[PDB]
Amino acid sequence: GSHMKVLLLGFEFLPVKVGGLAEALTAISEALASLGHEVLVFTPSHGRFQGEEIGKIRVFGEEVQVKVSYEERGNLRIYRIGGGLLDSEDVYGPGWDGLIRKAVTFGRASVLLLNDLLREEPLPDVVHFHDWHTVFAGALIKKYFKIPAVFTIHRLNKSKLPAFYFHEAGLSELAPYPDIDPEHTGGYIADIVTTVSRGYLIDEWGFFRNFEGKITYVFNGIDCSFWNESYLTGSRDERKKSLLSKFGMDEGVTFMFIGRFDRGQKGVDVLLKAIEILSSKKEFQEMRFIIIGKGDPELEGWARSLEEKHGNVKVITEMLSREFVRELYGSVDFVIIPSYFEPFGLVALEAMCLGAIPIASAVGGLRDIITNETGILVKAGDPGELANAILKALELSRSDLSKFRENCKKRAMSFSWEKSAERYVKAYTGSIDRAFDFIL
């Protein structure tokens, strides 16, 4: 018994991308399957697959024909579950009430499907469920089949649900109040609880402190086989010289930002202001900025405005191929990640993994990923301090950054999905270190 059987519940799984959660859960599953563990995944189909009907369940006083599409690759067994709301293409729910009802459904469908497999299989050793959306599935499997349960949180959505929903789920015991945080419920029924970086755990301790003793962290990974320089050709300078002229710009210290333009999240506002600050220092002429992503009309406007009044600065709102992004991480010098908060920090790992030096906000997982030897941390929400950090970065490019880049690659490779899988395995048995209130 080193081998075990993991039931994994995720509300999005590849090929059904929305954020990175899809890619993240697919990777954990696969890394897990590679260690020789037998991994079963339950996820909704979202009307991307049509399955065989296997049974009808009653939900919200009405019967629903539960369908399933099965796929098997090595030790991994993937079970896409369709049905009533589970057929809806709007992944995060046909509206608020729609999402919750689809989650409640997914719970009862999850029971039904597990129950059928038990006709001819043993119980899995653990149920590993991800984010609040799968709480109904987890809580029900935990309450009936009484197996070990782990609750991984990839991000705190931080709200409450009417108790109505927990009653319909057959979980009235869990909803003794009129409104219930489904993230508190998840952690309350799980035997141990994880989030996705040590620093996010510190940052959100005011909440995670509720599970003091059963609470720990397990890092995400990066697949540095894809984000790998072998795919490119030329030296760094040649690729960079070439890419800079593809944007009608000559040679300079090149910084890049990739992410959504939004309000208090990814921090493009902080970068735009920080560029205004720099735009009148002497050394600004020596620098180049490539700002990639879209969203907020006002920030786009601000971005294009700075673009118009500096040939120095180029902006890109059309989305681009992984392959071209890989090219970018491989030519630019620095990658700026001015996040306001950040559970993990995948962008830093993808950049680091191709040689780009991170200049990052000192928030959540970025605090763990980035070190003195690999990048530059900065107080978040502070454009003067990000401005100083870009200037310091300029006075480094004087000398060879070759060392910083190699440090970054090495470091990024230590954040493997294998290791991530390895620690979850420890978590499944409870043979893991955890955070306590009386341990400083």
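Numbering starts at 1 and runs along the sequence shown.
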Next item on the list: Take the C-alpha B-factors listed in the entry for 146-154 and for 304-312, compute each mean, and give the stretch with the larger one.
Entry: 304-312
Next item on the list: Please work out which of 133-141 and 252-260 has the higher mean CA B-factor as recorded in the PDB entry.
Entry: 252-260
Notebook entry, point to check: Between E350, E121, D191, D237, where does the Cα B-factor run highest in the record?
Noted result: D237
Next item on the list: Could you tell me which one of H128, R80, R288, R198 shows the highest CA temperature factor in the PDB record?
Entry: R288
Note to self: How does the C-alpha B factor of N220 compare with the rest of the chain: lowest, middle or highest third?
What the structure shows: lowest
Next item on the list: Name the third of the chain's ranked CA B-factors that contains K282, choosing lowest, middle or highest.
Entry: highest
Notebook entry, point to check: Once the chain's modelled residues are ordered by C-alpha B factor and cut into thirds, is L386 in the lowest, middle or highest one?
Noted result: highest
Check: Hey, what third does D203 fall into on Cα B-factor, ranked over its chain?
Finding: lowest
Notebook entry, point to check: According to the PDB entry, is the CA B factor of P44 in the bottom, middle or top third of its chain, that is, lowest, middle or highest?
Noted result: middle
